[PDB]
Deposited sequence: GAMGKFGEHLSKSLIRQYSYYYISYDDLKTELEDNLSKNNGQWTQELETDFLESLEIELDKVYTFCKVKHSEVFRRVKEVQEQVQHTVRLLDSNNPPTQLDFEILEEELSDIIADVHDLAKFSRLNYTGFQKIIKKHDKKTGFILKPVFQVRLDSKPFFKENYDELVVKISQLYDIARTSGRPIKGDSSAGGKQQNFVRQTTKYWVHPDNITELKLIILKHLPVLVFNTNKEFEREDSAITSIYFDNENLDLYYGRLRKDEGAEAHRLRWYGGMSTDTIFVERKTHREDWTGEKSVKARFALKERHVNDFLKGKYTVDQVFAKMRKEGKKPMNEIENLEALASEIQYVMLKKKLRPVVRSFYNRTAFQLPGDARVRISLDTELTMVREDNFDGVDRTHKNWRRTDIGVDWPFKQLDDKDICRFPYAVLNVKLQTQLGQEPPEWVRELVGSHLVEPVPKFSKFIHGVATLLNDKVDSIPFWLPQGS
């Protein structure tokens, strides 16, 4: 058909080969009708049906290949959004640009599912139109044959309705979490174990409990957060953070969940002093567990870290080199100052925050423990690895010796305020910070507490909160 081939040419030109060869099948009918003097035979029917089978196999395999591609792209961004949601509770939450990149990637997948739906509906129409022309130009009827064979087992699978619901769930996270001059106030508090459940019930009535996966049953390992703090034999980074010196750095390797966690966050906290007050510049980057050991040693270069990140090409040119300069800075401080694992900080965090609202952000750290990771006493705990393998997320870790583990008797409540200039925060948080339930501890640190308790013999200067 002329109208059938005219609408066919308005296809996705990027995949023109995998579409139905309508013009080739149209000429095959007319050229075979030119010979044998306008008469079609059973031998001529087998040759045409064999050509349709080559076309069907070509369209079905392409639909099967592109089905696996979109399902893999969603599975990858589902892991990416679960990482960013887990990062909203930390001292450095993801910026508005980080959610814009996830939105751009989700919209790119929406276009891929759209193109795949357009490919299937045009090829189905193409097969129905070539059979309509076959039954018109030739006496043999194929209309009941191909309308039954294509209605059952179609080009576009039924599995996409499940995918549409999941795509919408991840897109809503990027929409809700997204959206000038305001004062920032971060305060830490000690909570008694009797007050933990009482405090959780008060905050959930104003700020909801932040859940990462949602489409999965509640697990014990989900709320767990483990950070491996790095320092040298002289403990130079500890004294710098304790004395609050200019440019004092704090290096840690953090992972969310159990021991099966793939992504390891190389986190750095830098103390900066100015006329406005005290400012803590926090910066980090993602790294696979198999590449961590060689990165700290120097064997795994910065260009090898962002090798898969550069070939993707969906991040800004200025942001890629910012993460590259940050990775080279940490790798240099790791080798120059000769840093190694010193203290491990384990705790189950319950995050409380409204999506797209930074005004009041509260988190409760329960089951807080300090674990020895050093070799200063002549005991190889790490066995030349970035973390201890004898302990994981299995709290209270009863297998460890009393001198290696420090079970904190309280729960740490982190209240982060971001109130606008010339405005007062809500009355409920103002009443909670000054209540009997919490004990205000200014500038408390899990790293400083762990080093000063577990390595008290090696340290000369200790914080005000000890013992």
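Residues 1-3, 183-194, 483-485 of the deposited sequence, counted from 1, carry no C-alpha coordinates in the model.
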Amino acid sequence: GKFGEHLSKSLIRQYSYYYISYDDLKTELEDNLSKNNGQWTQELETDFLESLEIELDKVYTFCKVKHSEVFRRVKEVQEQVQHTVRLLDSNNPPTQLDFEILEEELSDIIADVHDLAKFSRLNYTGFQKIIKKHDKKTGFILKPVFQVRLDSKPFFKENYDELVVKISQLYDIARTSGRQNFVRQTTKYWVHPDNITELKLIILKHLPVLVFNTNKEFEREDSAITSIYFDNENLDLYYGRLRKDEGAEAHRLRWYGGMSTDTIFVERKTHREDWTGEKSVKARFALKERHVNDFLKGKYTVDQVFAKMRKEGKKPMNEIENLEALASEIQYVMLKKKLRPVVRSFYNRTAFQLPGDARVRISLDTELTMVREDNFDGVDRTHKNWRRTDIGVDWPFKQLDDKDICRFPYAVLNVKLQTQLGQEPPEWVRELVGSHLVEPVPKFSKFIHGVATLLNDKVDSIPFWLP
From here on, numbers count along this sequence of modelled residues.
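Mean CA temperature factor is higher for 312-320 when stretches 76-84 and 312-320 are set side by side in the entry. Higher average CA B factor: 215-223, of the stretches 343-351 and 215-223. Of the candidates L97, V393, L237, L253, the one whose C-alpha carries the top B factor in the deposited record is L97. As recorded in the PDB entry, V302 shows the highest C-alpha B-factor of the residues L242, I167, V371, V302.
In this PDB entry, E105 carries a Cα temperature factor that places it within the middle third of its chain's modelled residues.
The entry lists a Cα temperature factor for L437 that places it in the middle third of the chain's modelled residues.
When the modelled residues of the chain are ordered by C-alpha B-factor, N159 sits in the highest third. Annotation for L417: CA B-factor lies in the middle third of the chain's modelled residues. Per the deposited record, the Cα B-factor of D274 falls in the highest third when ranked against the other modelled residues of its chain.
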